[PDB]
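Student: Chains as they are written, first to last, in UniProt numbering: chain Y, 48 to 93; chain B, 120 to 185; chain H, 86 to 297; chain X, 66 to 117. No residue lacks a Cβ here, since even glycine has one placed at the ideal position from N, Cα and C.
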Amino acid sequence: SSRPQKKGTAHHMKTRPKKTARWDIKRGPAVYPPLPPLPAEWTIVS
Amino acid sequence: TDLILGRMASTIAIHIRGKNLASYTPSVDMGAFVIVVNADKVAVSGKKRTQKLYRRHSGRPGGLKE
Amino acid sequence: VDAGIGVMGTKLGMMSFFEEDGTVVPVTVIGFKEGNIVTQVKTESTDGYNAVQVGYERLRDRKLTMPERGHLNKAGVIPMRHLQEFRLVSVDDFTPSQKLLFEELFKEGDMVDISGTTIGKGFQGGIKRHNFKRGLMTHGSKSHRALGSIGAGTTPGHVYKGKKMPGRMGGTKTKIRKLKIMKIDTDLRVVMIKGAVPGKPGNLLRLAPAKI
Amino acid sequence: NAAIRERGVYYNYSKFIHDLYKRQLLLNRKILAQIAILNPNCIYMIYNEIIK
RNA sequence: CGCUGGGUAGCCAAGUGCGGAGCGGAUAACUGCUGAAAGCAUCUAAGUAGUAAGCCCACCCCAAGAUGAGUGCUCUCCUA
RNA sequence: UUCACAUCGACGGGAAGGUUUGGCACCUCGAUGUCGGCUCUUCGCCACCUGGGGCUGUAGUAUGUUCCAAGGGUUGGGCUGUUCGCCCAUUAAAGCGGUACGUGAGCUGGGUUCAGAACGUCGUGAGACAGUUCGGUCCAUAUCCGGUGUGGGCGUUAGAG
RNA sequence: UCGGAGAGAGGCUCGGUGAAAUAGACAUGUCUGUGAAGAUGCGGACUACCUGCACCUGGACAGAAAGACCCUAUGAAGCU
RNA sequence: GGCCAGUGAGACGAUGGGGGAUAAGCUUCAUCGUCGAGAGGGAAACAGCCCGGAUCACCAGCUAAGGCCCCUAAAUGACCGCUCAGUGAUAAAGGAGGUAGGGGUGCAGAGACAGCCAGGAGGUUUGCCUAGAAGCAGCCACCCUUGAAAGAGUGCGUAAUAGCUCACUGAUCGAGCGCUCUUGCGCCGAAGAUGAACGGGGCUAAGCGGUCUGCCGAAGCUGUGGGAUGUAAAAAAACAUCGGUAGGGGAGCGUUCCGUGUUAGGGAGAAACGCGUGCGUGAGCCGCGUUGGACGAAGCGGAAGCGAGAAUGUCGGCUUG
RNA sequence: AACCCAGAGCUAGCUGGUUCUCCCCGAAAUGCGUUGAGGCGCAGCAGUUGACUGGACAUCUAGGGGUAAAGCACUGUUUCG
RNA sequence: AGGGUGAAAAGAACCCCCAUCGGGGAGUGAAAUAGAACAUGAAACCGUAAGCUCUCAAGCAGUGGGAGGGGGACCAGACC
Numbered sequence: 048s049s050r051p052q053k054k055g056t057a058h059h060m061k062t063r064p065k066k067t068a069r070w071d072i073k074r075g076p077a078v079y080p081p082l083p084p085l086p087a088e089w090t091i092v093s
Numbered sequence: 120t121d122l123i124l125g126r127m128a129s130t131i132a133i134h135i136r137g138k139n140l141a142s143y144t145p146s147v148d149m150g151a152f153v154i155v156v157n158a159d160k161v162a163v164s165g166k167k168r169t170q171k172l173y174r175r176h177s178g179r180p181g182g183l184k185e
Numbered sequence: 086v087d088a089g090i091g092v093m094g095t096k097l098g099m100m101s102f103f104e105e106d107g108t109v110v111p112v113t114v115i116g117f118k119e120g121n122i123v124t125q126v127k128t129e130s131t132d133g134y135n136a137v138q139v140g141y142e143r144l145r146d147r148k149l150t151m152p153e154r155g156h157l158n159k160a161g162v163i164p165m166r167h168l169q170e171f172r173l174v175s176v177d178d179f180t181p182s183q184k185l186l187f188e189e190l191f192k193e194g195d196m197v198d199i200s201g202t203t204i205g206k207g208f209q210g211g212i213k214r215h216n217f218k219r220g221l222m223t224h225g226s227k228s229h230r231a232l233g234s235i236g237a238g239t240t241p242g243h244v245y246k247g248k249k250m251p252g253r254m255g256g257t258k259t260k261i262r263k264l265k266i267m268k269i270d271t272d273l274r275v276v277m278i279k280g281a282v283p284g285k286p287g288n289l290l291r292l293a294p295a296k297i
Numbered sequence: 066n067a068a069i070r071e072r073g074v075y076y077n078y079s080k081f082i083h084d085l086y087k088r089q090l091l092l093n094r095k096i097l098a099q100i101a102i103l104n105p106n107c108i109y110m111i112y113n114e115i116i117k
């Protein structure tokens, strides 16, 4: 035989989810245009 | 008739839960009854018909049903 | 699915028929308390299968309840105790109105199968249910007649289902097969049949032709 | 998602957020999933103004 | 059972009967039939034939708590 | 006899398995009881036989080797505590292993060779030997799972046979 | 071989009397995988109505009892 | 420096090595990351692998790792190619007209490949051996001629011959045919003992490679509000911080007794025991009791036989079986 | 090498256990030495109180090397003419 | 190892059950639920009554959401 089985934390460096597609690493979050600031949350009315 | 099995099973599942209704709560039975006629003529793709096994087993060993 | 209608009769002891060639054969003697009247036929139209329903042991009306005797008087026949059907292929010509069928249909057919309640032996051990062996009777042994090992070691952690334990042995019906018929009696209402039927003299006994 | 998918034409939950942030609606906070069942004509007005 | 001699009914075998059937279905290895991708060929890529104590069914029994809780026949619900 | 590939295959190489002896010391020593036998399983195929086939330096019988196939079987004994093994009579064949000896909360002998004694050898001696021989207590009412039987309740949308 | 029958005392049922070892709480399945590398308790699947009685003991690394074997202690003791 | 602790059994992963058999979740070192002492998300489950550092609340939003058929949140999304083995979890040497390409080199409209048919002869049985060896048991070279081409022969066969047949050429139809390297994904090699056992169902895409847009996705970040620590030495306000084992420091609650105390209060119900739609960061306080019947608060202080879930603890009571 | 009492609450580098709350900080499993290896003393790394200090993190420059790579100029070793 | 009915035995006259033990009325007492096992009586433990709910169900028995139902209610939206 002479093939070692990959045990714990060697199983984790092999069988962890790795996204090995060079496209899907390039993705940043989407950017919307900036909006004007929202008004005050409330106002004193006397 | 001439519908493939697993995608039909998923689109029957998405109505059998109730995930096409806005009243979907996953703790109650908001689903819908479905009826599937012509189960004898369900299509499959590839080599499911001669290579996919619905094996079962009782508790005792040596009872795995081919 | 059976290959034809059968009858039912009671066991009345055993004896030996002397064949005129010189042989001595052990036969069981079958009596007939009452004729096996076809009570209810169930065809492919009004039922999912086809079977002919006969009965046996004409009795007193006090012995029989209202649904039983109402079912039997739906056919216009005598009130009788036992009641069994034979499933038969759809070529049948059987009226449920009092067909007192005579026992001539088995003599030329020199092969018959029989079913019956074997005699019960109660809660018996593994030494007679499943034909085990006993341990050493001597040499310092202690597991006389006991059940021995039950399972494997740690890796199952349980015992397999259907494992041969002691339990109630007899009481269920059995069918012994292809039993060759012998001298019927057209006046003694008695059929010789060479073999050994299940049970002591007195019990019900299915007597139906073979299924080979 | 189950409320938007009742249109029949292929409009997913992702496209409702496509044209929910492009048409500038700051942060309805998924309480349109509450008035999506308490006020289904009002969420039909929400979505039918997301289309235009 | 004082020790022996036999024995009916039970129980049992060493005794007595019976069973292991199927030109039934599909296959594994193999032999093929036409037969192309390379006008030759090849059991195969289309279709298809023989065939295993193996698989399933048939065989004997239990069996609708099979909560999917079946089907058929029949009886009974009255007085204020 | 010619002929690498009917059958063996030197010099070398590549694997699978975890059944031997090993390596590590990762669970267990406020206790995981080793070896053999009896009883009783069940499973694997790396096939001894049975069923089908290919090739044969297969004339036929019998083969040699190999493919599919684990349904079923795989004897009785003399020696030894024996596993293994030798031998006799055979048989279609008398397969190899896993399941913590598979199985000592089911059972008994050699042993982790316990306490007595003797022989050889070692030691000045007390004593000791992975040397030998005789004798040498082995517990247990099943709580739960698991199993084999056998009920009772309730359900099966009226209640039953 | 190769078991078989019968008689007692138990075992089973009823009436009386009535413990014990053990015990974190137990609403206490099987396979397979993972995990302190042998899981009813974690994961996936399958299977199981609830709850008794009588037997059997494969597991709960079952009960005992701070392993007699192995090693450590600048431990104890006997003996030479 | 002063006072004062633990720790000195480590583990895995990457790199650099030694021991081994470049075998071990093996052993010993050197730098680093995590666990130890680290919660959450992805990894089916699963200390050490990736993201990530948990003060607390919200029935808030945006994201990292990773995913978007169903179980289970988000795309049965779009456009190029590939795989037909359920490969998609797996291990090699080696084999292969598998399929999708790519680079070389050789033949063709003066007919290129595959099949049928025709020829394949003369010296010659080259010279040795053998009975024969005539190409076919073998040894040595292994010719030229007619020609369209023929090799002392490619194999079978025969006692040897004879003979069947091929490399090569001629002829009919006709337009692609070889033989090498090479990747991508595949096939076989590839077989275990209880039972699908590879998350499941399943899918020819829901698989594998290349891009494009969005969404889901943590206790991360942001937002809105509290608490505490450090600045800091009063308050307010500000900025930073606030996971934690062994351990260190600061601040507090409770208990019984004592000083005030022959305290206030109390047979118009004290302590106890039981109760809460109350308050605190919590240890706890306060309040209510058709129970009970005589003691005893708070505040400001002190002293402990001072706080219980563990010791095969121990003493009583009562279970299980 | 009896039992009881007493020294004796012998001794144990060993085992188990050591009880209320909140806040801040926060390791180590390394070296040396040891009749020592599962103990201990010191150093390393915590907590708190200070006294001197002006550094950390990025970038650049300068110094010694002899590792990786490489090479046969020394020491060996080796294939062929 | 085993203390504490009351302030005072004033310790239950008499009637019934009845062989006793004990129990219920009546009487003493401020209290008889202070009755001689007698003072406050907690937890484990054993029970009985009322409300909701479990017999296709896999679960360190919780927690977040909460179907259905029940109870008093007054900030009737709240609480259990």
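1. Using alpha carbons as the reference points, say which of H:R145, H:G210 and H:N216 lies closest to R253 (chain H).
2. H59 (chain Y) by DSSP, collapsed to three states: which one?
3. Scan the region 188–236 of chain H and note each continuous alpha helix (DSSP H) run of 4 residues or more that stays entirely inside, going in chain order.
4. What do you reckon, are the CB atoms on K265 (chain H) and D198 (chain H) nearer than 8 Å?
5. How many Å lie between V137 (chain H) and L173 (chain H) at the Cα?
6. So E71 (chain X) contacts chain B; which residues on that side make the cut at Cβ distance below 9 Å?
7. Would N135 (chain H) be called buried (16 or more neighbouring beta carbons within 10 Å of its own) or exposed?
8. In whole angstroms, what is the alpha-carbon distance linking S129 (chain B) and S142 (chain B)?
9. On the CB-based measure, 16 or more other CB atoms within 10 Å of its CB, does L289 (chain H) come out buried or exposed?
10. Compute the beta-carbon to beta-carbon distance between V162 (chain H) and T124 (chain H), rounded to the nearest angstrom, for a pair I have assumed lies under 8 Å.
11. Comparing C-alpha positions only, which one of X:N104, X:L91 and X:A101 sits nearest to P84 (chain Y)?
12. By the three-class DSSP mapping on this structure, what secondary structure does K160 (chain B) have?
13. Mapping DSSP to helix, strand and coil, what is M100 (chain H)?
14. Identify the continuous alpha helix (DSSP H) that holds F171 (chain H) and give its terminal residues.
15. Applying a beta-carbon distance threshold of less than 7 Å, which residues of chain Y neighbour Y86 (chain X)?
16. Is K96 (chain H) near the ligand HEM, with its Cβ less than 7 Å from a heavy atom?
17. In angstroms with no decimal places, state the Cα-to-Cα distance between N93 (chain X) and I82 (chain X).
18. Within 10 angstroms of its Cβ, does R291 (chain H) collect 16 or more other Cβ (buried), or is it exposed?
19. Closest Cβ-Cβ distance between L90 (chain X) and chain Y: below 8 Å?
20. Under the rule that 16 or more other beta-carbon atoms within 10 Å means buried, what is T62 (chain Y), buried or exposed?
21. Please list the terminal residues of the continuous beta strand (DSSP E) segment that includes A160 (chain H).
22. Quick one: Cα of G225 (chain H) to Cα of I212 (chain H), how far?
23. Look up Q170 (chain B) in the DSSP assignment and say whether it is helix, strand or coil.
24. Quick check on the DSSP output: the beta strand (DSSP E) that includes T124 (chain H) runs from which residue to which?
25. By alpha-carbon positions, which one of H:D87, H:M100 and H:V86 ends up nearest to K268 (chain H)?
26. Between the C-alpha atoms of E104 (chain H) and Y173 (chain B), what's the straight-line distance to the nearest angstrom?
27. Quick check on this structure: which residue in H:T203, H:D178, H:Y245 and H:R274 has the alpha carbon closest to the alpha carbon of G181 (chain B)?
28. Along chain B, which residues have their Cβ under 9 Å away from the Cβ of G284 (chain H)?
29. Determine, for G201 (chain H), whether the minimum Cβ-Cβ distance to residues of chain B falls below 8 Å.
30. Can you find a C-beta in chain B that's less than 8 Å from the C-beta of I102 (chain X)?
31. Considering only DSSP beta bridges, list what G252 (chain H) is partnered with.
32. In three-state terms, what does DSSP make of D148 (chain B)?
33. Just the chain B side, please: which residues come within less than 7 Å of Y245 (chain H) by C-beta, in chain order?
Tutor: Result, derived from the coordinates:
1. Reading the third sequence from its first residue, position 168 is the one you call residue 253 (chain H). Ranking H:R145, H:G210 and H:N216 by Cα distance to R253 (chain H) puts H:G210 first.
2. Taking the first sequence and counting its residues from 1, the one referred to as residue 59 (chain Y) is at position 12. In the displayed model, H59 (chain Y) falls within coil according to three-state DSSP, outside both helix and strand.
3. Listed in chain order, the complete alpha helix (DSSP H) runs (minimum 4 residues) inside the region 188–236 of chain H are 211–214.
4. In the third sequence, the residue the question calls residue 265 (chain H) occupies position 180. In the third sequence, the residue the question calls residue 198 (chain H) occupies position 113. Going by C-beta atoms, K265 (chain H) is not nearer than 8 Å to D198 (chain H).
5. Within the third sequence, the letter at position 52 stands for residue 137 (chain H). Within the third sequence, the letter at position 88 stands for residue 173 (chain H). A straight line joining the alpha-carbon of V137 (chain H) with that of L173 (chain H) spans about 7 Å.
6. For the purposes of this step, residue 71 (chain X) is taken as the residue at position 6 of the fourth sequence. Going along chain B in sequence order, the residues near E71 (chain X) (Cβ under 9 Å) are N139, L140 and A141.
7. Counted from its first residue, the third sequence places residue 135 (chain H) at position 50. It counts as buried.
8. By 1-based counting over the second sequence, the position of residue 129 (chain B) is 10. By 1-based counting over the second sequence, the position of residue 142 (chain B) is 23. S129 (chain B) and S142 (chain B) have their alpha carbons spaced roughly 20 Å apart.
9. Start at 1 with the first residue of the third sequence, and residue 289 (chain H) comes out as number 204. When all chains shown are included, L289 (chain H) counts as buried.
10. Reading the third sequence from its first residue, position 77 is the one you call residue 162 (chain H). Reading the third sequence from its first residue, position 39 is the one you call residue 124 (chain H). About 6 Å separates the two Cβ atoms, so the contact holds.
11. Taking the first sequence and counting its residues from 1, the one referred to as residue 84 (chain Y) is at position 37. With distances taken between Cα atoms, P84 (chain Y) lies closest to X:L91.
12. Here residue 160 (chain B) refers to the residue found at position 41 of the second sequence. In the displayed model, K160 (chain B) falls within a helix according to three-state DSSP.
13. Taking the third sequence and counting its residues from 1, one reaches residue 100 (chain H) at position 15. The answer is strand: DSSP assigns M100 (chain H) an E or B state.
14. To locate residue 171 (chain H), count along the third sequence from 1; it is residue 86. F171 (chain H) -> not in any alpha helix (DSSP H); beta strand (DSSP E) instead, spanning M165 to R172.
15. The count along the fourth sequence starts at 1 and reaches residue 86 (chain X) at position 21. Neighbours of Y86 (chain X) on chain Y, chain order: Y79.
16. Looking for the ligand HEM in the displayed structure turns up nothing, as the structure carries no ligands at all.
17. Position 28 of the fourth sequence, counted from the first residue, corresponds to residue 93 (chain X). Position 17 of the fourth sequence, counted from the first residue, corresponds to residue 82 (chain X). Rounded to the nearest whole angstrom, the C-alpha separation of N93 (chain X) and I82 (chain X) is 11 Å.
18. Taking the first residue of the third sequence as 1, we reach residue 291 (chain H) at position 206. Label assigned to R291 (chain H): buried.
19. Walking along the fourth sequence from the start, residue 90 (chain X) turns up at place 25. No, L90 (chain X) does not count as interfacial toward chain Y.
20. The residue given as residue 62 (chain Y) occupies position 15 in the first sequence. When all chains shown are included, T62 (chain Y) counts as exposed.
21. Along the third sequence, one-based indexing puts residue 160 (chain H) at 75. Taken as a continuous stretch (DSSP letters only), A160 (chain H) belongs to no beta strand (DSSP E), as it is neither H nor E.
22. Counting from one through the third sequence, the residue named residue 225 (chain H) turns up at place 140. Counting from one through the third sequence, the residue named residue 212 (chain H) turns up at place 127. Linking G225 (chain H) to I212 (chain H) through their CA atoms gives a straight-line distance of about 21 Å.
23. As a first step, residue 170 (chain B) is located in the second sequence; it is residue number 51 there, counting from the start. DSSP places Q170 (chain B) in helix when its eight states are reduced to three.
24. Along the third sequence, read from residue 1 onward, the residue named residue 124 (chain H) stands at position 39. Counting along the chain, the beta strand (DSSP E) containing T124 (chain H) begins and ends at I122 to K127.
25. Your numbering for residue 268 (chain H) matches position 183 in the third sequence. Scanning H:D87, H:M100 and H:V86 for the CA closest to the CA of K268 (chain H) turns up H:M100.
26. Counting from 1 along the third sequence, the entry for residue 104 (chain H) is found at position 19. Counting from 1 along the second sequence, the entry for residue 173 (chain B) is found at position 54. Cα-Cα distance, rounded: 58 Å.
27. Against the second sequence, residue 181 (chain B) aligns to sequence position 62. Measuring from the Cα of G181 (chain B), the nearest candidate turns out to be H:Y245.
28. Residue mapping note: residue 284 (chain H) aligns to position 199 of the third sequence, counting from 1. Those do not exist, as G284 (chain H) stays about 31 Å from chain B at its closest Cβ, beyond 9 Å.
29. Position 116 of the third sequence holds residue 201 (chain H). For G201 (chain H), the answer is no, since every Cβ of chain B falls outside 8 Å of its Cβ.
30. Numbered from 1 along the fourth sequence, position 37 holds the residue referred to as residue 102 (chain X). Chain B, which has a Cβ nearer than 8 Å to the Cβ of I102 (chain X), makes this yes.
31. Here residue 252 (chain H) corresponds to residue number 167 of the third sequence, with the count starting at 1. In the DSSP output, where bridge partners are listed per residue, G252 (chain H) has H:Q209.
32. Along the second sequence, read from residue 1 onward, the residue named residue 148 (chain B) stands at position 29. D148 (chain B): coil per DSSP, three-state reduction.
33. Against the third sequence, residue 245 (chain H) aligns to sequence position 160. Identification of chain B residues near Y245 (chain H) by a Cβ-Cβ cut-off of 7 Å yields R179 and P180, ordered along the chain.
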